[PDB]
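Shown next, in structure tokens, is the structure this report addresses.
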Amino acid sequence: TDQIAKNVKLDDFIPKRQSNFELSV
Amino acid sequence: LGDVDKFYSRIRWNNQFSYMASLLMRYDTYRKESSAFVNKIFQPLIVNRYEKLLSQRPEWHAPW
Amino acid sequence: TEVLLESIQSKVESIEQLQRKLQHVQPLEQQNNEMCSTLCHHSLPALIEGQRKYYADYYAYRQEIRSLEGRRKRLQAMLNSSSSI
Amino acid sequence: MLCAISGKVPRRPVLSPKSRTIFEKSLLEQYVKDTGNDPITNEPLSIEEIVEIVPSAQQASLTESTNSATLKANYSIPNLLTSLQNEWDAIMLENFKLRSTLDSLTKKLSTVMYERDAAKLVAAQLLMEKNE
Amino acid sequence: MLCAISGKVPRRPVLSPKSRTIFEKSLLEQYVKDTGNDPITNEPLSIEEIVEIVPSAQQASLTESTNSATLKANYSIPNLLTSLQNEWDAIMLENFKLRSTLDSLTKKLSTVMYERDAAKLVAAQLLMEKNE
Amino acid sequence: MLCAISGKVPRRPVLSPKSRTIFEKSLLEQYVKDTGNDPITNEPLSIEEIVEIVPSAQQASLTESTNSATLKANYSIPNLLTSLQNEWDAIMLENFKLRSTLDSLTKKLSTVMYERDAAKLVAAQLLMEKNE
Amino acid sequence: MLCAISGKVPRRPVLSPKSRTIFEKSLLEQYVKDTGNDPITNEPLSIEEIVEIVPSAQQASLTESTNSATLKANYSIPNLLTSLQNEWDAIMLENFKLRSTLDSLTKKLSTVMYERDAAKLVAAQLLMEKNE
Amino acid sequence: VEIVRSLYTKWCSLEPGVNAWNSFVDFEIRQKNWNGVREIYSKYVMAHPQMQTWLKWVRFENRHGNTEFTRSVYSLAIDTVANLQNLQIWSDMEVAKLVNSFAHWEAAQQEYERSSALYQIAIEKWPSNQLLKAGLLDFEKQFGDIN
Amino acid sequence: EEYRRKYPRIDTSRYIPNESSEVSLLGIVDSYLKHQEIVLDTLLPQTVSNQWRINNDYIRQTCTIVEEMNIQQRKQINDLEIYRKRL
């Protein structure tokens with residue numbers, strides 16, 4: 001099941017730009 | 001007789017049967033085949049994130 | 001004859017040992033048979049019964065359309081027949 | 001039958017008339033819309049030429065009245081017959097090789113028997129010369 | 001995809017262009033020789049119109065693994081002969097069942113048709129009496 | 001195998017490579033001497049191109065033993081298998097024709113049942129309007 | 001003409017260009033694919049070098065009409081299956097006889113070979129003892 | 001038990017410290033769920049590449065697993081540090097302890113030849129590690145020769 | 001039962017060996033057994049698992065397709081019943 005700490009996701013902690021510095025914003 | 005048996009087997013193989021031919025077990029079969037690495041043995045991050053980070057280069061800036 | 005009976009008995013034992021070796025495939029055969037049973041005994045018959053029902057309902061709908069057109073024609077024909085007296 | 005692009009049973013099968021091969025409708029149509037070519041032969045192909053195969057409603061109704069026994073029977077008479085033929089072929093080849101071997105072995109046996117008797121004669125002669 | 005005649009996997013798959021349907025080559029060619037027609041549509045069909053489908057090697061493996069005696073560990077020539085006899089028995093039983101069913105259905109249909117014609121007659125008679 | 005010229009079993013079988021056909025040696029040699037051409041294809045042929053078929057020593061012993069009853073048994077396994085295959089094709093076609101007739105009868109039965117029930121309803125309305 | 005492997009009348013006759021001998025297509029193709037050699041001469045042979053013999057229309061009609069006319073008396077599927085079983089038994093008896101003879105001869109050959117080497121050894125030892 | 005398991009699965013999926021992973025392993029050990037402990041370690045070495053994590057896994061397989069697995073986990077450890085050497089994740093002392101542990105384990109299993117091959121190939125791969133040469137000296141002084 | 005009584009059938013039971021059996025029949029049985037042995041030892045082990053996998057995949061996809069056909073059929077029936085309710 002996925003009822004435990006449903007609002008907490010690993011991706012929320014990972015900085016999106018580390019995989020690609022040139023990411024467009 | 002054994003050579004004949006092997007012949008009959010090889011014939012039956014060619015004429016019909018040939019058309020029909022966990023982390024540790026996966027690792028062992030990969031070892032047999034060996035006669036990035038992480039993405040072939042593990043199946044989804046940390047090591048991938050770190051190597052992807054190390055591959056890039058920060059832009060150079062003059063010192064203040 | 002004795003040598004033949006011995007050869008036969010030995011081959012029989014050997015064959016039984018080989019068949020025992022092949023028992024590791026029985027789980028796949030069981031899964032296969034369960035799938036086949038679900039396909040043959042449930043899913044196909046249900047599909048065909050649905051098709052028969054659809055064919056029948058479609059013929060009915062075609063009749064209903066013809067009956068509506070025929071009501072409009074029967075009204076026109078009654079009118080024309082009364083105008084032809 | 002399997003789609004030649006996906007290697008899976010197609011959900012909407014089509015035949016390319018150029019390659020005479022079955023494909024998934026979406027895959028083939030998209031490939032043509034992008035490339036204008038058949039994916040196997042690279043011949044020019046147009047979407048209008050693609051012959052969509054219809055999975056006959058009769059096919060479903062025919063798999064209904066094929067008894068569950070005959071669908072569970074992992075045998076087909078064609079496949080049984082072909083297996084029997086492949087066995088017959090193999091046994092014919094085996095019997096041929098058996099005959100050829102048996103002949104060679106008879107000739108060899110005769111040769112070895114002559115060699116044995118020649119050895120025995122040399123031995124007996126040396127023994128006689130040793131006793132005299 | 002199963003042959004629209006046998007309900008089995010076709011060993012040599014062919015497409016009828018008239019019905020856009022897959023068949024076993026032998027079965028379709030025989031039906032066309034006997035009838036000159038497509039088995040599904042009854043439209044006229046020649047042997048030269050049939051589009052033979054080219055099997056991929058994966059299709060070959062599929063054809064030999066589906067409905068093959070080689071799936072079972074009791075594979076042997078006596079067992080092949082017994083399985084063949086058993087399939088023939090099942091097919092004869094199916095043919096018997098088909099005939100018995102068709103006879104029963106013919107009788108039931110004839111009955112319901114006479115009932116329909118009687119009902120139409122009664123409806124017409126009532127309308128006539130009401131209009132007199 | 002029969003010589004294509006004489007229609008008889010050749011005593012010295014030869015193959016023309018051009019026509020891939022069996023002849024009696026003397027007949028093919030004489031025809032090539034007279035014409036320079038293969039008697040079937042009319043392509044040019046030379047006496048050096050003729051392939052003389054060597055009867056195997058087994059074929060010689062067998063052509064003595066062809067008076068034996070076991071070669072008069074017209075039941076070679078390939079021939080039995082093919083006869084079985086032809087009977088299977090025939091049965092499959094008969095079964096298919098049966099099934100098709102049965103399905104058509106079923107669709108007719110449904111159609112007639114709907115006609116009957118609509119008729120009966122129309123009649124029951126007319127009878128209501130007649131008894132009022 | 002009989003296939004040099006099966007000793008039966010072929011159904012798809014082919015000629016090896018090396019041995020100049022007639023075979024059944026399936027048998028010869030299998031033997032070549034296994035060994036790369038002609039089964040008689042043992043010369044290297046490819047499948048493309050095989051010459052498929054074209055039967056004349058009289059040969060095709062004769063093969064069909066001999067099969068037909070002689071099977072006609074026992075053409076029922078049950079008789080076909082019984083004949084197939086009996087033919088298999090005949091083949092299996094022949095194979096068993098062959099294998100048994102080969103085994104017996106191999107044991108005899110082994111014996112005689114041991115005797116020959118024993119005699120050679122004893123001869124050499126007597127020659128040494130006489131030359132001392 | 002199943003709720004505790006789902007709790008640990010979520011917690012560990014959030015990439016917590018080594019304490020949470022150790023606790024999850026202890027939980028499955030309490031459950032005598034040895035395959036669960038293999039799967040956890042299979043994830044734990046990714047989340048926490050430190051060599052003490054790999055040595056915790058081999059230490060587990062020695063007491064709760066067969067030798068085929070123990071050899072396979074050591075081979076995973078070496079193949080990992082070999083392929084990922086270019087990242088300099090492990091210090092030399094870590095790789096040295098991994099190789100020494102693997103060599104001494106093969107020496108205990110009486111396959112001294114495979115430990116010798118391990119030392120030779122590892123020294124060839126990483127010549128800059130003095131601690132690995134010293135480990136070969138410690139091994140050779142008791143299982144090797146005078147020369 | 002009638003078909004079995006009237007028509008001649010393949011009798012495999014004649015292959016069961018007995019002390020009274022003729023040497024010919026014993027030799028036939030021995031040859032059959034030897035071929036079966038060779039097939040079971042050398043051939044089936046390599047292929048049987050693959051054959052079962054291939055058949056299972058093909059059947060699973062067929063089941064999926066026939067379930068989707070059933071759904072599409074029920075949808076067609078419902079759509080037609082809607083149309084009939086708009087008349």
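Order determines the names: the first chain of the structure tokens is A, the second B, and so forth; residues in each chain are numbered 1 upward, and ligands are numbered 1 upward as they are shown.
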Self-check item: Test item: chain F residues at most 10 Å from chain D, counting only C-alpha atoms, as a list in words
Solution: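 Output check: residues 77, 78, 80, 81, 82, 84, 85, 88, 89, 95, 96, 99, 100 and 103 of chain F.
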Region 51-60 of chain I environment, 12 Å, only C-alpha atoms, sequence neighbours closer than 5 positions dropped, as a PDB file with N, CA, C and O atoms, in the first residue's frame:
```
ATOM      1  N   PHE B  17      13.719 -29.041 -33.097  1.00  0.00           N
ATOM      2  CA  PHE B  17      13.904 -28.399 -31.795  1.00  0.00           C
ATOM      3  C   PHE B  17      14.661 -27.074 -31.883  1.00  0.00           C
ATOM      4  O   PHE B  17      14.449 -26.190 -31.046  1.00  0.00           O
ATOM      5  N   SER B  18      15.548 -26.925 -32.871  1.00  0.00           N
ATOM      6  CA  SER B  18      16.309 -25.687 -33.033  1.00  0.00           C
ATOM      7  C   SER B  18      15.418 -24.463 -33.212  1.00  0.00           C
ATOM      8  O   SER B  18      15.769 -23.374 -32.741  1.00  0.00           O
ATOM      9  N   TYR B  19      14.267 -24.608 -33.874  1.00  0.00           N
ATOM     10  CA  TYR B  19      13.352 -23.479 -34.016  1.00  0.00           C
ATOM     11  C   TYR B  19      12.756 -23.035 -32.684  1.00  0.00           C
ATOM     12  O   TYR B  19      12.207 -21.932 -32.602  1.00  0.00           O
ATOM     13  N   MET B  20      12.849 -23.864 -31.644  1.00  0.00           N
ATOM     14  CA  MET B  20      12.268 -23.570 -30.341  1.00  0.00           C
ATOM     15  C   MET B  20      13.311 -23.275 -29.268  1.00  0.00           C
ATOM     16  O   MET B  20      12.959 -23.168 -28.086  1.00  0.00           O
ATOM     17  N   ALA B  21      14.579 -23.145 -29.640  1.00  0.00           N
ATOM     18  CA  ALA B  21      15.645 -22.983 -28.657  1.00  0.00           C
ATOM     19  C   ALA B  21      15.634 -21.582 -28.047  1.00  0.00           C
ATOM     20  O   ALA B  21      15.238 -20.614 -28.695  1.00  0.00           O
TER      21      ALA B  21
ATOM     22  N   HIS C  24      10.143 -29.667 -13.296  1.00  0.00           N
ATOM     23  CA  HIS C  24      10.278 -28.236 -13.008  1.00  0.00           C
ATOM     24  C   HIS C  24       9.437 -27.330 -13.909  1.00  0.00           C
ATOM     25  O   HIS C  24       9.259 -26.153 -13.580  1.00  0.00           O
ATOM     26  N   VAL C  25       8.914 -27.839 -15.028  1.00  0.00           N
ATOM     27  CA  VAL C  25       8.083 -27.034 -15.928  1.00  0.00           C
ATOM     28  C   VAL C  25       6.601 -27.041 -15.568  1.00  0.00           C
ATOM     29  O   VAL C  25       5.842 -26.220 -16.108  1.00  0.00           O
ATOM     30  N   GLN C  26       6.163 -27.946 -14.691  1.00  0.00           N
ATOM     31  CA  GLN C  26       4.750 -28.049 -14.328  1.00  0.00           C
ATOM     32  C   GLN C  26       4.094 -26.740 -13.892  1.00  0.00           C
ATOM     33  O   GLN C  26       2.906 -26.551 -14.201  1.00  0.00           O
ATOM     34  N   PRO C  27       4.767 -25.826 -13.188  1.00  0.00           N
ATOM     35  CA  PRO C  27       4.128 -24.527 -12.887  1.00  0.00           C
ATOM     36  C   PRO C  27       3.721 -23.729 -14.120  1.00  0.00           C
ATOM     37  O   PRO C  27       2.632 -23.132 -14.145  1.00  0.00           O
ATOM     38  N   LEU C  28       4.564 -23.719 -15.158  1.00  0.00           N
ATOM     39  CA  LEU C  28       4.222 -23.031 -16.400  1.00  0.00           C
ATOM     40  C   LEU C  28       3.059 -23.711 -17.115  1.00  0.00           C
ATOM     41  O   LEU C  28       2.175 -23.036 -17.653  1.00  0.00           O
ATOM     42  N   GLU C  29       3.064 -25.044 -17.164  1.00  0.00           N
ATOM     43  CA  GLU C  29       1.939 -25.774 -17.740  1.00  0.00           C
ATOM     44  C   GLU C  29       0.641 -25.481 -16.993  1.00  0.00           C
ATOM     45  O   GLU C  29      -0.416 -25.321 -17.612  1.00  0.00           O
ATOM     46  N   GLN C  30       0.697 -25.413 -15.662  1.00  0.00           N
ATOM     47  CA  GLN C  30      -0.496 -25.104 -14.878  1.00  0.00           C
ATOM     48  C   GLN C  30      -1.013 -23.702 -15.183  1.00  0.00           C
ATOM     49  O   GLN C  30      -2.223 -23.497 -15.349  1.00  0.00           O
ATOM     50  N   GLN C  31      -0.113 -22.716 -15.221  1.00  0.00           N
ATOM     51  CA  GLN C  31      -0.519 -21.369 -15.618  1.00  0.00           C
ATOM     52  C   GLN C  31      -1.135 -21.355 -17.017  1.00  0.00           C
ATOM     53  O   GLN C  31      -2.168 -20.711 -17.245  1.00  0.00           O
ATOM     54  N   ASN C  32      -0.519 -22.075 -17.959  1.00  0.00           N
ATOM     55  CA  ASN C  32      -1.071 -22.201 -19.306  1.00  0.00           C
ATOM     56  C   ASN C  32      -2.490 -22.750 -19.274  1.00  0.00           C
ATOM     57  O   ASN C  32      -3.389 -22.212 -19.928  1.00  0.00           O
ATOM     58  N   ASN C  33      -2.692 -23.862 -18.570  1.00  0.00           N
ATOM     59  CA  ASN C  33      -4.002 -24.499 -18.533  1.00  0.00           C
ATOM     60  C   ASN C  33      -5.049 -23.602 -17.885  1.00  0.00           C
ATOM     61  O   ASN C  33      -6.198 -23.567 -18.331  1.00  0.00           O
ATOM     62  N   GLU C  34      -4.672 -22.855 -16.844  1.00  0.00           N
ATOM     63  CA  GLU C  34      -5.601 -21.891 -16.253  1.00  0.00           C
ATOM     64  C   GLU C  34      -5.979 -20.779 -17.229  1.00  0.00           C
ATOM     65  O   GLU C  34      -7.161 -20.422 -17.349  1.00  0.00           O
ATOM     66  N   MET C  35      -5.004 -20.266 -17.982  1.00  0.00           N
ATOM     67  CA  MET C  35      -5.308 -19.272 -19.012  1.00  0.00           C
ATOM     68  C   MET C  35      -6.225 -19.845 -20.087  1.00  0.00           C
ATOM     69  O   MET C  35      -7.215 -19.213 -20.473  1.00  0.00           O
ATOM     70  N   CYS C  36      -5.865 -21.004 -20.636  1.00  0.00           N
ATOM     71  CA  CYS C  36      -6.695 -21.662 -21.640  1.00  0.00           C
ATOM     72  C   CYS C  36      -8.117 -21.874 -21.124  1.00  0.00           C
ATOM     73  O   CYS C  36      -9.088 -21.674 -21.858  1.00  0.00           O
ATOM     74  N   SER C  37      -8.254 -22.373 -19.894  1.00  0.00           N
ATOM     75  CA  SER C  37      -9.573 -22.605 -19.313  1.00  0.00           C
ATOM     76  C   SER C  37     -10.380 -21.313 -19.230  1.00  0.00           C
ATOM     77  O   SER C  37     -11.562 -21.288 -19.592  1.00  0.00           O
ATOM     78  N   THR C  38      -9.748 -20.218 -18.795  1.00  0.00           N
ATOM     79  CA  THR C  38     -10.450 -18.938 -18.717  1.00  0.00           C
ATOM     80  C   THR C  38     -10.841 -18.418 -20.097  1.00  0.00           C
ATOM     81  O   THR C  38     -11.912 -17.822 -20.262  1.00  0.00           O
ATOM     82  N   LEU C  39      -9.985 -18.628 -21.096  1.00  0.00           N
ATOM     83  CA  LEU C  39     -10.292 -18.197 -22.458  1.00  0.00           C
ATOM     84  C   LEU C  39     -11.427 -19.019 -23.063  1.00  0.00           C
ATOM     85  O   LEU C  39     -12.413 -18.467 -23.564  1.00  0.00           O
ATOM     86  N   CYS C  40     -11.297 -20.344 -23.025  1.00  0.00           N
ATOM     87  CA  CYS C  40     -12.239 -21.240 -23.689  1.00  0.00           C
ATOM     88  C   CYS C  40     -13.587 -21.284 -22.981  1.00  0.00           C
ATOM     89  O   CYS C  40     -14.634 -21.255 -23.637  1.00  0.00           O
TER      90      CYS C  40
ATOM     91  N   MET D   1       0.323 -15.204 -35.006  1.00  0.00           N
ATOM     92  CA  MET D   1       1.060 -14.243 -35.816  1.00  0.00           C
ATOM     93  C   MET D   1       1.523 -13.062 -34.973  1.00  0.00           C
ATOM     94  O   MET D   1       0.801 -12.590 -34.095  1.00  0.00           O
ATOM     95  N   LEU D   2       2.739 -12.592 -35.254  1.00  0.00           N
ATOM     96  CA  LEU D   2       3.405 -11.551 -34.484  1.00  0.00           C
ATOM     97  C   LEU D   2       3.707 -10.354 -35.376  1.00  0.00           C
ATOM     98  O   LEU D   2       4.046 -10.514 -36.552  1.00  0.00           O
ATOM     99  N   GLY D   7       7.236  -7.556 -32.312  1.00  0.00           N
ATOM    100  CA  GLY D   7       7.356  -8.933 -31.858  1.00  0.00           C
ATOM    101  C   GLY D   7       6.331  -9.324 -30.816  1.00  0.00           C
ATOM    102  O   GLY D   7       6.607 -10.178 -29.966  1.00  0.00           O
ATOM    103  N   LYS D   8       5.149  -8.720 -30.865  1.00  0.00           N
ATOM    104  CA  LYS D   8       4.015  -9.070 -30.021  1.00  0.00           C
ATOM    105  C   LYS D   8       2.815  -9.346 -30.914  1.00  0.00           C
ATOM    106  O   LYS D   8       2.753  -8.890 -32.057  1.00  0.00           O
ATOM    107  N   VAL D   9       1.868 -10.118 -30.388  1.00  0.00           N
ATOM    108  CA  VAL D   9       0.590 -10.333 -31.066  1.00  0.00           C
ATOM    109  C   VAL D   9      -0.104  -8.987 -31.262  1.00  0.00           C
ATOM    110  O   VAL D   9      -0.428  -8.304 -30.279  1.00  0.00           O
ATOM    111  N   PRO D  10      -0.352  -8.575 -32.504  1.00  0.00           N
ATOM    112  CA  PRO D  10      -0.971  -7.265 -32.746  1.00  0.00           C
ATOM    113  C   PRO D  10      -2.400  -7.178 -32.235  1.00  0.00           C
ATOM    114  O   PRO D  10      -3.161  -8.150 -32.259  1.00  0.00           O
ATOM    115  N   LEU D  71      -8.905 -27.025 -27.579  1.00  0.00           N
ATOM    116  CA  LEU D  71      -8.022 -25.882 -27.341  1.00  0.00           C
ATOM    117  C   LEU D  71      -6.999 -26.135 -26.234  1.00  0.00           C
ATOM    118  O   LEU D  71      -5.858 -25.666 -26.326  1.00  0.00           O
ATOM    119  N   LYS D  72      -7.385 -26.878 -25.193  1.00  0.00           N
ATOM    120  CA  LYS D  72      -6.447 -27.343 -24.174  1.00  0.00           C
ATOM    121  C   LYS D  72      -5.505 -28.416 -24.702  1.00  0.00           C
ATOM    122  O   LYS D  72      -4.370 -28.527 -24.225  1.00  0.00           O
ATOM    123  N   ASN D  74      -2.809 -29.337 -26.419  1.00  0.00           N
ATOM    124  CA  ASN D  74      -1.621 -28.693 -26.963  1.00  0.00           C
ATOM    125  C   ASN D  74      -1.061 -29.472 -28.150  1.00  0.00           C
ATOM    126  O   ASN D  74       0.156 -29.636 -28.281  1.00  0.00           O
TER     127      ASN D  74
ATOM    128  N   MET E   1      -3.583 -14.694 -33.676  1.00  0.00           N
ATOM    129  CA  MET E   1      -4.189 -14.886 -34.987  1.00  0.00           C
ATOM    130  C   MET E   1      -4.276 -16.367 -35.347  1.00  0.00           C
ATOM    131  O   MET E   1      -3.264 -17.061 -35.434  1.00  0.00           O
ATOM    132  N   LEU E   2      -5.502 -16.835 -35.546  1.00  0.00           N
ATOM    133  CA  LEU E   2      -5.800 -18.230 -35.828  1.00  0.00           C
ATOM    134  C   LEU E   2      -6.437 -18.340 -37.205  1.00  0.00           C
ATOM    135  O   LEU E   2      -7.145 -17.432 -37.652  1.00  0.00           O
ATOM    136  N   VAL E   9      -3.475 -22.210 -34.923  1.00  0.00           N
ATOM    137  CA  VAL E   9      -2.444 -21.353 -35.510  1.00  0.00           C
ATOM    138  C   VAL E   9      -2.056 -21.897 -36.881  1.00  0.00           C
ATOM    139  O   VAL E   9      -1.657 -23.065 -36.993  1.00  0.00           O
ATOM    140  N   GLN E  58      10.533 -15.434 -35.584  1.00  0.00           N
ATOM    141  CA  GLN E  58       9.790 -15.524 -34.337  1.00  0.00           C
ATOM    142  C   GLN E  58       8.455 -16.229 -34.547  1.00  0.00           C
ATOM    143  O   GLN E  58       8.018 -17.013 -33.697  1.00  0.00           O
ATOM    144  N   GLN E  59       7.782 -15.945 -35.667  1.00  0.00           N
ATOM    145  CA  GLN E  59       6.553 -16.660 -36.007  1.00  0.00           C
ATOM    146  C   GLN E  59       6.791 -18.158 -36.169  1.00  0.00           C
ATOM    147  O   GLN E  59       5.928 -18.968 -35.819  1.00  0.00           O
ATOM    148  N   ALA E  60       7.942 -18.543 -36.717  1.00  0.00           N
ATOM    149  CA  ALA E  60       8.291 -19.960 -36.812  1.00  0.00           C
ATOM    150  C   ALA E  60       8.383 -20.600 -35.432  1.00  0.00           C
ATOM    151  O   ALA E  60       7.840 -21.691 -35.200  1.00  0.00           O
ATOM    152  N   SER E  61       9.126 -19.963 -34.520  1.00  0.00           N
ATOM    153  CA  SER E  61       9.188 -20.470 -33.149  1.00  0.00           C
ATOM    154  C   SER E  61       7.805 -20.545 -32.508  1.00  0.00           C
ATOM    155  O   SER E  61       7.495 -21.511 -31.799  1.00  0.00           O
ATOM    156  N   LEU E  62       6.959 -19.541 -32.754  1.00  0.00           N
ATOM    157  CA  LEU E  62       5.586 -19.560 -32.249  1.00  0.00           C
ATOM    158  C   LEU E  62       4.804 -20.747 -32.801  1.00  0.00           C
ATOM    159  O   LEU E  62       4.069 -21.415 -32.064  1.00  0.00           O
ATOM    160  N   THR E  63       4.947 -21.012 -34.098  1.00  0.00           N
ATOM    161  CA  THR E  63       4.194 -22.074 -34.753  1.00  0.00           C
ATOM    162  C   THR E  63       4.618 -23.442 -34.239  1.00  0.00           C
ATOM    163  O   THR E  63       3.774 -24.315 -34.011  1.00  0.00           O
ATOM    164  N   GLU E  64       5.914 -23.627 -34.007  1.00  0.00           N
ATOM    165  CA  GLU E  64       6.396 -24.903 -33.497  1.00  0.00           C
ATOM    166  C   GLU E  64       6.185 -25.081 -32.000  1.00  0.00           C
ATOM    167  O   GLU E  64       6.106 -26.224 -31.544  1.00  0.00           O
ATOM    168  N   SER E  65       6.082 -24.000 -31.222  1.00  0.00           N
ATOM    169  CA  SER E  65       5.835 -24.159 -29.792  1.00  0.00           C
ATOM    170  C   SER E  65       4.355 -24.250 -29.435  1.00  0.00           C
ATOM    171  O   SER E  65       3.993 -24.981 -28.505  1.00  0.00           O
ATOM    172  N   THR E  66       3.492 -23.532 -30.150  1.00  0.00           N
ATOM    173  CA  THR E  66       2.052 -23.667 -29.975  1.00  0.00           C
ATOM    174  C   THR E  66       1.543 -24.990 -30.534  1.00  0.00           C
ATOM    175  O   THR E  66       1.913 -25.401 -31.637  1.00  0.00           O
ATOM    176  N   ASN E  67       0.666 -25.639 -29.765  1.00  0.00           N
ATOM    177  CA  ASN E  67       0.004 -26.889 -30.143  1.00  0.00           C
ATOM    178  C   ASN E  67       0.979 -27.954 -30.650  1.00  0.00           C
ATOM    179  O   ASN E  67       0.765 -28.584 -31.687  1.00  0.00           O
ATOM    180  N   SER E  68       2.053 -28.173 -29.891  1.00  0.00           N
ATOM    181  CA  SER E  68       3.074 -29.146 -30.254  1.00  0.00           C
ATOM    182  C   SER E  68       3.206 -30.219 -29.183  1.00  0.00           C
ATOM    183  O   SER E  68       3.220 -29.911 -27.987  1.00  0.00           O
ATOM    184  N   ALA E  69       3.272 -31.480 -29.621  1.00  0.00           N
ATOM    185  CA  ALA E  69       3.484 -32.600 -28.707  1.00  0.00           C
ATOM    186  C   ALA E  69       4.779 -32.460 -27.906  1.00  0.00           C
ATOM    187  O   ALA E  69       4.885 -32.998 -26.798  1.00  0.00           O
ATOM    188  N   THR E  70       5.767 -31.741 -28.444  1.00  0.00           N
ATOM    189  CA  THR E  70       7.044 -31.490 -27.777  1.00  0.00           C
ATOM    190  C   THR E  70       6.929 -30.651 -26.510  1.00  0.00           C
ATOM    191  O   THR E  70       7.943 -30.449 -25.833  1.00  0.00           O
ATOM    192  N   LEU E  71       5.738 -30.151 -26.178  1.00  0.00           N
ATOM    193  CA  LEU E  71       5.546 -29.491 -24.891  1.00  0.00           C
ATOM    194  C   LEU E  71       5.539 -30.466 -23.716  1.00  0.00           C
ATOM    195  O   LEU E  71       5.862 -30.068 -22.591  1.00  0.00           O
ATOM    196  N   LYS E  72       5.197 -31.735 -23.939  1.00  0.00           N
ATOM    197  CA  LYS E  72       4.995 -32.679 -22.845  1.00  0.00           C
ATOM    198  C   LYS E  72       6.132 -33.692 -22.761  1.00  0.00           C
ATOM    199  O   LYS E  72       6.631 -34.173 -23.783  1.00  0.00           O
ATOM    200  N   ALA E  73       6.522 -34.011 -21.524  1.00  0.00           N
ATOM    201  CA  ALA E  73       7.598 -34.944 -21.201  1.00  0.00           C
ATOM    202  C   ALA E  73       7.293 -36.399 -21.537  1.00  0.00           C
ATOM    203  O   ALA E  73       8.218 -37.220 -21.515  1.00  0.00           O
TER     204      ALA E  73
ATOM    205  N   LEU I  44      14.529 -32.373 -25.221  1.00  0.00           N
ATOM    206  CA  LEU I  44      13.480 -31.681 -24.475  1.00  0.00           C
ATOM    207  C   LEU I  44      14.015 -30.720 -23.419  1.00  0.00           C
ATOM    208  O   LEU I  44      13.493 -29.595 -23.326  1.00  0.00           O
ATOM    209  N   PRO I  45      15.019 -31.081 -22.612  1.00  0.00           N
ATOM    210  CA  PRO I  45      15.528 -30.143 -21.590  1.00  0.00           C
ATOM    211  C   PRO I  45      15.878 -28.763 -22.129  1.00  0.00           C
ATOM    212  O   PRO I  45      15.659 -27.759 -21.443  1.00  0.00           O
ATOM    213  N   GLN I  46      16.435 -28.691 -23.337  1.00  0.00           N
ATOM    214  CA  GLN I  46      16.867 -27.407 -23.876  1.00  0.00           C
ATOM    215  C   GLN I  46      15.693 -26.533 -24.314  1.00  0.00           C
ATOM    216  O   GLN I  46      15.796 -25.302 -24.273  1.00  0.00           O
ATOM    217  N   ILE I  65      -6.542  -9.564 -25.498  1.00  0.00           N
ATOM    218  CA  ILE I  65      -7.250  -9.103 -26.690  1.00  0.00           C
ATOM    219  C   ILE I  65      -8.724  -9.485 -26.637  1.00  0.00           C
ATOM    220  O   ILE I  65      -9.597  -8.683 -26.981  1.00  0.00           O
ATOM    221  N   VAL I  66      -9.021 -10.727 -26.252  1.00  0.00           N
ATOM    222  CA  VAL I  66     -10.411 -11.171 -26.202  1.00  0.00           C
ATOM    223  C   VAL I  66     -11.199 -10.468 -25.096  1.00  0.00           C
ATOM    224  O   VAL I  66     -12.390 -10.185 -25.264  1.00  0.00           O
ATOM    225  N   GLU I  67     -10.555 -10.140 -23.971  1.00  0.00           N
ATOM    226  CA  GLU I  67     -11.203  -9.313 -22.952  1.00  0.00           C
ATOM    227  C   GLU I  67     -11.498  -7.909 -23.470  1.00  0.00           C
ATOM    228  O   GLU I  67     -12.582  -7.364 -23.228  1.00  0.00           O
TER     229      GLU I  67
END
```
Practice problem: Please measure the separation of CA of residue 29 (chain I) and CA of residue 3 (chain B), giving the value in Å to one decimal. | Solution: 21.2 Å
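Distances to chain B were evaluated for E:56, E:110, E:123, E:97 using only C-alpha atoms, and the minimum falls at E:56.
Taking CA of residue 126 (chain H) and CA of residue 75 (chain H) as the two end points, the separation is 16.3 Å.
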